[PDB]
Structures are given as structure tokens and as C-alpha cells.
$ cat entry-v6.pdb   # PDB, C-alpha atoms
ATOM      1  CA  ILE A   1       6.751 -13.778   2.645
ATOM      2  CA  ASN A   2       6.031 -16.617   5.073
ATOM      3  CA  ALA A   3       7.833 -15.038   8.028
ATOM      4  CA  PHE A   4       4.851 -12.685   8.237
ATOM      5  CA  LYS A   5       1.901 -15.084   8.151
ATOM      6  CA  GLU A   6       3.574 -17.265  10.780
ATOM      7  CA  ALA A   7       5.105 -14.531  12.937
ATOM      8  CA  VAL A   8       1.598 -13.063  13.024
ATOM      9  CA  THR A   9      -0.081 -16.232  14.291
ATOM     10  CA  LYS A  10       2.411 -16.204  17.197
ATOM     11  CA  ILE A  11       1.115 -12.805  18.446
ATOM     12  CA  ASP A  12      -1.741 -12.572  20.889
ATOM     13  CA  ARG A  13      -5.119 -11.140  19.642
ATOM     14  CA  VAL A  14      -5.071  -8.506  22.412
ATOM     15  CA  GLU A  15      -1.647  -7.330  21.373
ATOM     16  CA  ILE A  16      -2.890  -7.282  17.781
ATOM     17  CA  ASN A  17      -5.913  -5.169  18.606
ATOM     18  CA  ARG A  18      -3.750  -2.844  20.691
ATOM     19  CA  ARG A  19      -1.558  -2.329  17.703
ATOM     20  CA  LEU A  20      -4.454  -1.955  15.226
ATOM     21  CA  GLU A  21      -5.969   0.673  17.423
ATOM     22  CA  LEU A  22      -2.752   2.641  17.267
ATOM     23  CA  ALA A  23      -2.899   2.523  13.477
ATOM     24  CA  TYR A  24      -6.533   3.622  13.375
ATOM     25  CA  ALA A  25      -5.577   6.602  15.575
ATOM     26  CA  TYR A  26      -2.724   7.466  13.217
ATOM     27  CA  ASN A  27      -5.091   7.266  10.306
ATOM     28  CA  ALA A  28      -7.748   9.359  12.037
ATOM     29  CA  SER A  29      -5.010  11.885  12.585
ATOM     30  CA  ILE A  30      -4.042  12.096   8.892
ATOM     31  CA  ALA A  31      -7.753  12.227   7.929
ATOM     32  CA  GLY A  32      -8.083  15.267  10.179
ATOM     33  CA  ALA A  33      -5.567  17.748   8.643
ATOM     34  CA  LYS A  34      -6.374  21.313   7.153
ATOM     35  CA  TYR A  35      -3.133  18.612   3.821
ATOM     36  CA  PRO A  36       0.026  16.554   4.657
ATOM     37  CA  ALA A  37       3.274  17.673   3.043
ATOM     38  CA  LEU A  38       3.635  14.848   0.522
ATOM     39  CA  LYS A  39       7.017  14.128  -1.010
ATOM     40  CA  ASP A  40       8.175  12.246  -4.152
ATOM     41  CA  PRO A  41       9.086   8.716  -3.032
ATOM     42  CA  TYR A  42      11.717   8.481  -5.837
ATOM     43  CA  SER A  43      14.593  10.470  -4.215
ATOM     44  CA  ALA A  44      17.007  10.362  -1.267
ATOM     45  CA  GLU A  45      15.999  13.166   1.177
ATOM     46  CA  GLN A  46      16.747  11.865   4.754
ATOM     47  CA  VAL A  47      15.195   3.892   9.650
ATOM     48  CA  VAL A  48      11.495   4.891   9.767
ATOM     49  CA  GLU A  49       9.291   4.348  12.794
ATOM     50  CA  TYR A  50       5.899   5.949  12.070
ATOM     51  CA  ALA A  51       4.397   2.551  11.316
ATOM     52  CA  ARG A  52       6.159   0.635  14.066
ATOM     53  CA  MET A  53       2.858  -0.706  15.409
ATOM     54  CA  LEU A  54       2.117  -2.571  12.160
ATOM     55  CA  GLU A  55       5.698  -3.801  11.774
ATOM     56  CA  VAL A  56       6.133  -7.491  12.092
ATOM     57  CA  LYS A  57       9.484  -8.909  11.191
ATOM     58  CA  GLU A  58      10.300  -5.693   9.216
ATOM     59  CA  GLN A  59       7.120  -5.612   7.087
ATOM     60  CA  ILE A  60       3.669  -4.180   7.803
ATOM     61  CA  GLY A  61       1.575  -6.480   5.626
ATOM     62  CA  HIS A  62       1.286  -7.975   2.148
ATOM     63  CA  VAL A  63      -0.233  -6.848  -1.153
ATOM     64  CA  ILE A  64      -1.923  -9.552  -3.228
ATOM     65  CA  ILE A  65      -3.016  -8.947  -6.817
ATOM     66  CA  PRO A  66      -4.514 -12.047  -8.427
ATOM     67  CA  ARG A  67      -4.649 -10.542 -11.962
ATOM     68  CA  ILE A  68      -0.859 -10.376 -12.077
ATOM     69  CA  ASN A  69      -0.119 -13.238  -9.613
ATOM     70  CA  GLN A  70       1.731 -10.966  -7.227
ATOM     71  CA  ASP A  71       2.047 -11.266  -3.489
ATOM     72  CA  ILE A  72       4.447  -8.646  -2.305
ATOM     73  CA  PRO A  73       5.567  -7.583   1.169
ATOM     74  CA  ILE A  74       4.949  -3.984   2.181
ATOM     75  CA  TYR A  75       7.471  -1.824   3.995
ATOM     76  CA  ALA A  76       7.048   1.533   5.634
ATOM     77  CA  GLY A  77       8.573   4.520   3.866
ATOM     78  CA  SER A  78       9.905   4.515   0.332
ATOM     79  CA  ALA A  79      13.673   3.965   0.810
ATOM     80  CA  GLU A  80      15.544   2.148  -1.988
ATOM     81  CA  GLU A  81      16.256  -0.628   0.501
ATOM     82  CA  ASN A  82      12.641  -1.458   0.622
ATOM     83  CA  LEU A  83      11.903  -0.854  -3.029
ATOM     84  CA  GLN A  84      14.451  -3.505  -3.819
ATOM     85  CA  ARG A  85      12.511  -6.137  -1.900
ATOM     86  CA  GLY A  86       8.885  -5.029  -2.270
ATOM     87  CA  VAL A  87       6.237  -2.332  -2.126
ATOM     88  CA  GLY A  88       6.897   0.713   0.020
ATOM     89  CA  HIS A  89       4.299   2.749   1.779
ATOM     90  CA  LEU A  90       4.254   6.464   1.160
ATOM     91  CA  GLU A  91       4.589   8.283   4.506
ATOM     92  CA  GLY A  92       1.853  10.964   4.769
ATOM     93  CA  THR A  93      -0.864   8.674   3.434
ATOM     94  CA  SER A  94      -3.046   6.398   5.547
ATOM     95  CA  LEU A  95      -1.680   3.190   6.954
ATOM     96  CA  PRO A  96      -3.078   0.350   4.849
ATOM     97  CA  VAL A  97      -5.454  -1.020   7.461
ATOM     98  CA  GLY A  98      -8.581   0.509   5.929
ATOM     99  CA  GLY A  99     -11.486   2.348   7.524
ATOM    100  CA  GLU A 100     -13.480   5.316   6.204
ATOM    101  CA  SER A 101     -11.441   8.419   5.445
ATOM    102  CA  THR A 102      -8.323   6.516   4.657
ATOM    103  CA  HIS A 103      -6.295   6.526   1.517
ATOM    104  CA  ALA A 104      -3.081   4.437   1.615
ATOM    105  CA  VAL A 105      -0.605   4.859  -1.211
ATOM    106  CA  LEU A 106       1.619   1.873  -2.015
ATOM    107  CA  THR A 107       4.447   2.238  -4.386
ATOM    108  CA  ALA A 108       6.700  -0.115  -6.233
ATOM    109  CA  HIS A 109       9.544  -0.513  -8.711
ATOM    110  CA  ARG A 110       8.803  -1.639 -12.310
ATOM    111  CA  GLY A 111      11.288  -3.708 -14.357
ATOM    112  CA  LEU A 112      13.767  -4.818 -11.666
ATOM    113  CA  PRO A 113      15.821  -7.898 -12.578
ATOM    114  CA  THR A 114      15.355  -9.257  -9.051
ATOM    115  CA  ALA A 115      11.574  -9.057  -8.700
ATOM    116  CA  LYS A 116       8.662  -8.176 -10.984
ATOM    117  CA  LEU A 117       6.742  -6.112  -8.430
ATOM    118  CA  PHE A 118       4.480  -3.553 -10.105
ATOM    119  CA  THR A 119       6.076  -4.455 -13.438
ATOM    120  CA  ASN A 120       2.765  -5.728 -14.815
ATOM    121  CA  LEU A 121       0.585  -3.192 -13.002
ATOM    122  CA  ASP A 122      -0.501  -1.977 -16.440
ATOM    123  CA  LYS A 123      -2.471  -5.187 -16.979
ATOM    124  CA  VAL A 124      -4.741  -4.292 -14.057
ATOM    125  CA  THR A 125      -8.254  -3.136 -15.057
ATOM    126  CA  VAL A 126     -11.182  -1.519 -13.235
ATOM    127  CA  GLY A 127     -13.181  -4.300 -11.709
ATOM    128  CA  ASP A 128     -10.116  -6.198 -10.585
ATOM    129  CA  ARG A 129      -9.400  -6.932  -6.966
ATOM    130  CA  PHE A 130      -6.427  -6.768  -4.723
ATOM    131  CA  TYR A 131      -6.032  -7.473  -1.041
ATOM    132  CA  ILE A 132      -3.990  -5.980   1.789
ATOM    133  CA  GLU A 133      -3.029  -8.475   4.408
ATOM    134  CA  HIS A 134      -1.764  -7.162   7.761
ATOM    135  CA  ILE A 135      -1.661  -8.071  11.493
ATOM    136  CA  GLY A 136      -5.405  -7.627  11.449
ATOM    137  CA  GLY A 137      -6.127 -10.133   8.701
ATOM    138  CA  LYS A 138      -7.007  -9.615   5.043
ATOM    139  CA  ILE A 139      -8.991  -6.721   3.627
ATOM    140  CA  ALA A 140     -10.217  -6.388   0.034
ATOM    141  CA  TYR A 141     -10.217  -3.666  -2.583
ATOM    142  CA  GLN A 142     -11.788  -3.380  -6.023
ATOM    143  CA  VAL A 143     -10.052  -1.164  -8.605
ATOM    144  CA  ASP A 144     -12.370   1.784  -9.227
ATOM    145  CA  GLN A 145      -9.931   4.101 -11.014
ATOM    146  CA  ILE A 146      -6.729   4.012 -13.027
ATOM    147  CA  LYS A 147      -5.170   7.349 -13.879
ATOM    148  CA  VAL A 148      -1.981   8.821 -15.290
ATOM    149  CA  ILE A 149      -0.618  12.033 -13.754
ATOM    150  CA  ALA A 150       2.520  14.202 -13.922
ATOM    151  CA  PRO A 151       5.113  13.595 -11.180
ATOM    152  CA  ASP A 152       4.479  16.815  -9.297
ATOM    153  CA  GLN A 153       0.678  16.422  -9.029
ATOM    154  CA  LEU A 154      -0.634  14.929  -5.832
ATOM    155  CA  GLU A 155      -4.244  15.844  -5.293
ATOM    156  CA  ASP A 156      -5.024  12.250  -6.232
ATOM    157  CA  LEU A 157      -3.100  10.903  -3.241
ATOM    158  CA  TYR A 158      -4.917  12.653  -0.416
ATOM    159  CA  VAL A 159      -7.631  11.266   1.801
ATOM    160  CA  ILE A 160     -11.128  11.512   0.417
ATOM    161  CA  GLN A 161     -13.435  11.962   3.390
ATOM    162  CA  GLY A 162     -15.897   9.170   3.981
ATOM    163  CA  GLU A 163     -14.169   6.940   1.497
ATOM    164  CA  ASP A 164     -11.792   3.979   1.966
ATOM    165  CA  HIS A 165      -9.077   3.614  -0.730
ATOM    166  CA  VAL A 166      -5.724   2.040  -1.564
ATOM    167  CA  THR A 167      -3.683   3.213  -4.553
ATOM    168  CA  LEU A 168      -0.939   1.194  -6.163
ATOM    169  CA  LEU A 169       1.508   3.763  -7.600
ATOM    170  CA  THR A 170       4.178   3.175 -10.240
ATOM    171  CA  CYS A 171       5.968   4.931 -13.130
ATOM    172  CA  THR A 172       4.938   5.233 -16.728
ATOM    173  CA  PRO A 173       5.151   4.726 -19.695
ATOM    174  CA  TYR A 174       7.167   1.580 -19.210
ATOM    175  CA  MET A 175      10.836   2.579 -19.188
ATOM    176  CA  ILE A 176      10.159   6.280 -19.838
ATOM    177  CA  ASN A 177       8.748   7.218 -16.388
ATOM    178  CA  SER A 178       7.755  10.734 -17.380
ATOM    179  CA  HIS A 179       4.522  10.069 -15.484
ATOM    180  CA  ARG A 180       2.836   8.172 -12.673
ATOM    181  CA  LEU A 181       0.219   5.463 -13.205
ATOM    182  CA  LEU A 182      -2.082   5.220 -10.185
ATOM    183  CA  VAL A 183      -4.330   2.186  -9.723
ATOM    184  CA  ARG A 184      -6.748   2.957  -6.895
ATOM    185  CA  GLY A 185      -8.937   0.327  -5.239
ATOM    186  CA  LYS A 186     -12.093   1.038  -3.229
ATOM    187  CA  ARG A 187     -12.841  -1.032  -0.153
ATOM    188  CA  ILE A 188     -15.271  -3.910  -0.619
ATOM    189  CA  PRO A 189     -16.793  -6.491   1.740
ATOM    190  CA  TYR A 190     -14.571  -9.527   2.224
ATOM    191  CA  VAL A 191     -15.227 -12.364   4.672
ATOM    192  CA  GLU A 192     -11.991 -14.333   5.028
ATOM    193  CA  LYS A 193     -13.108 -17.961   4.780
ATOM    194  CA  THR A 194     -10.684 -20.786   5.561
TER     195      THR A 194
END
$ encode --input "entry-v6.pdb" --output "C-alpha cells"
Amino acid sequence: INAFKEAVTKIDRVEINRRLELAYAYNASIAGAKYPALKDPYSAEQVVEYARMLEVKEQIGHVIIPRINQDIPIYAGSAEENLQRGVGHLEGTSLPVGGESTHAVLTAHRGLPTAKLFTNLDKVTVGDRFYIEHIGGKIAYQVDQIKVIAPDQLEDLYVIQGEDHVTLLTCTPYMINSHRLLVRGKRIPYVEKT
């Protein structure tokens, strides 16, 4: 929410860059494999510390989607704790700080009575934009692909070398959840202007 934007301003640029660098290294690591053992976010299988460097007052950034007027905190891992309050990052996929050979997967709950979250993620079209905001600032994506897969298929979630992507992942059809609707953005130039 607001505790992020503010809490961020209070941190020193050097500290920030130290922390971003640690994330880039993580990402470069993931990019390098071979394929990470990826695991259905929608199950208990046991706090998470992989993304400590990005963590600022519990979150690691914010996901903005103008088309559906959503601005949702992001939390590391996909524990139900976090899916109750916002989007959860899927451990094994790139940290959502961007860079070539990264593919971050962000996942969210549809239909919750508390928050809407990715409830209206079906209204998102190719062409649309969303933004990840993190300790580093705000980066921009343009939806380049929307795809419906079976729950045990994952090829679509891996890093694509030389490419910079973020996928918003939810369940589908609405209220049947036999499948997974993936909305994947592709990094585009964005000059944050006051």
C-alpha cells in the first residue's frame, strides 16, 4: 500500500542499489540452470527468505494494472497468508525486477470477498500494460500473450533466454479452476516522469 512507497523513500540509494544487485545476481542464477523444480502454488507443502533483499515492510513491490484499476502488493512465495492480502511471487521464477533472461511469475486469488485481486484478470487484453513497482522504481510491461493451460503444465513459466517477461497467473474458468490463465507481459521502455 502506502507503507511501501514511503518506507522506500526513507532508504538510501546506495543501500537500494546494493539490494537490487543482489536480486539481479539471483535472477542471473535462475537464468543459468540446465530447469528449476517448479511447484504448484495452490497447496501447503512446507517464512520465506529467498527474496529478503527486495523485502520492504513485508512486501517486495507492487503490481499495477490500469485496465482493471488494480494496485496490489506483492509478497514472496505463494503461502495462503499472502494470497489473502495480495499477489504472491512463485519461488523458482525470476524476481520481478526485470532484465533480459528473466521471467517472473505473479499469482493471485480470484473471487475473494476481501479483495478483488486477479478477479478481473480476464478483462486484460494483449496490448494492455501493467507495471511492477519495487525498491528500484517502476518498470513497465505490455501484455504480449494470454494463454490457458492445464495445472500440471509449466513450460510456459520458465525463463526465455534474452527475453524479459512477467506473467500474471490465475485460475480458470471463473469458479471452475480446472485450468490456469496466464497473462504474460513483455518489458517495454518506461521513463518514470513526475
$ atom_distance --input "entry-v6.pdb" --atom1 "atom CA of residue A:112" --atom2 "atom CA of residue A:85"
9.9 Å
$ atom_distance --input "entry-v6.pdb" --atom1 "atom CA of residue A:57" --atom2 "atom CA of residue A:4"
6.7 Å
$ closest_residue --input "entry-v6.pdb" --among "A:180, A:34, A:13, A:19" --to "residue A:152" --atoms "all atoms listed in the file"
A:180
$ closest_residue --input "entry-v6.pdb" --among "A:17, A:178, A:59, A:29" --to "residue A:133" --atoms "only C-alpha atoms"
A:59
$ atom_distance --input "entry-v6.pdb" --atom1 "atom CA of residue A:129" --atom2 "atom CA of residue A:35"
28.4 Å
$ resolve_selection --input "entry-v6.pdb" --expression "the PyMOL selection byres ((chain A and resi 153) around 12)" --output "JSON, numbers by chain"
{"A": [38, 39, 40, 147, 148, 149, 150, 151, 152, 154, 155, 156, 157, 158, 179, 180, 181, 182]}
$ resolve_selection --input "entry-v6.pdb" --expression "the PyMOL selection byres ((chain A and resi 120) around 10)" --output "ChimeraX atom specification"
/A:67-70,110-111,116-119,121-124,174
$ residues_around --input "entry-v6.pdb" --residues "residue A:3" --least-positions-apart "5" --cutoff "12 Å" --atoms "only C-alpha atoms" --output "PDB file with C-alpha atoms, in the frame of the given file"
ATOM      1  CA  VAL A   8       1.598 -13.063  13.024  1.00  0.00           C
ATOM      2  CA  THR A   9      -0.081 -16.232  14.291  1.00  0.00           C
ATOM      3  CA  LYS A  10       2.411 -16.204  17.197  1.00  0.00           C
ATOM      4  CA  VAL A  56       6.133  -7.491  12.092  1.00  0.00           C
ATOM      5  CA  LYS A  57       9.484  -8.909  11.191  1.00  0.00           C
ATOM      6  CA  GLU A  58      10.300  -5.693   9.216  1.00  0.00           C
ATOM      7  CA  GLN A  59       7.120  -5.612   7.087  1.00  0.00           C
ATOM      8  CA  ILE A  60       3.669  -4.180   7.803  1.00  0.00           C
ATOM      9  CA  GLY A  61       1.575  -6.480   5.626  1.00  0.00           C
ATOM     10  CA  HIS A  62       1.286  -7.975   2.148  1.00  0.00           C
ATOM     11  CA  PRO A  73       5.567  -7.583   1.169  1.00  0.00           C
TER      12      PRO A  73
END
$ closest_residue --input "entry-v6.pdb" --among "A:32, A:96, A:113, A:136" --to "residue A:14" --atoms "only C-alpha atoms"
A:136
$ resolve_selection --input "entry-v6.pdb" --expression "the PyMOL selection byres ((chain A and resi 76) around 6)" --output "PyMOL selection string"
chain A and resi 75+77+88-89
$ closest_residue --input "entry-v6.pdb" --among "A:63, A:48, A:25, A:139" --to "residue A:1" --atoms "only C-alpha atoms"
A:63
$ closest_residue --input "entry-v6.pdb" --among "A:168, A:23, A:28, A:47" --to "residue A:72" --atoms "only C-alpha atoms"
A:168
$ closest_residue --input "entry-v6.pdb" --among "A:86, A:125, A:37, A:98" --to "residue A:64" --atoms "all atoms listed in the file"
A:86
$ residues_around --input "entry-v6.pdb" --residues "residue A:78" --least-positions-apart "6" --cutoff "8 Å" --atoms "only C-alpha atoms" --output "MDAnalysis selection string"
chainID A and resid 41:42 88:91 107
$ write_last_selection --input "entry-v6.pdb" --atoms "C-alpha atoms" --output "PDB file, in the coordinates of the input"
ATOM      1  CA  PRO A  41       9.086   8.716  -3.032  1.00  0.00           C
ATOM      2  CA  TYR A  42      11.717   8.481  -5.837  1.00  0.00           C
ATOM      3  CA  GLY A  88       6.897   0.713   0.020  1.00  0.00           C
ATOM      4  CA  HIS A  89       4.299   2.749   1.779  1.00  0.00           C
ATOM      5  CA  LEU A  90       4.254   6.464   1.160  1.00  0.00           C
ATOM      6  CA  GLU A  91       4.589   8.283   4.506  1.00  0.00           C
ATOM      7  CA  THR A 107       4.447   2.238  -4.386  1.00  0.00           C
TER       8      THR A 107
END
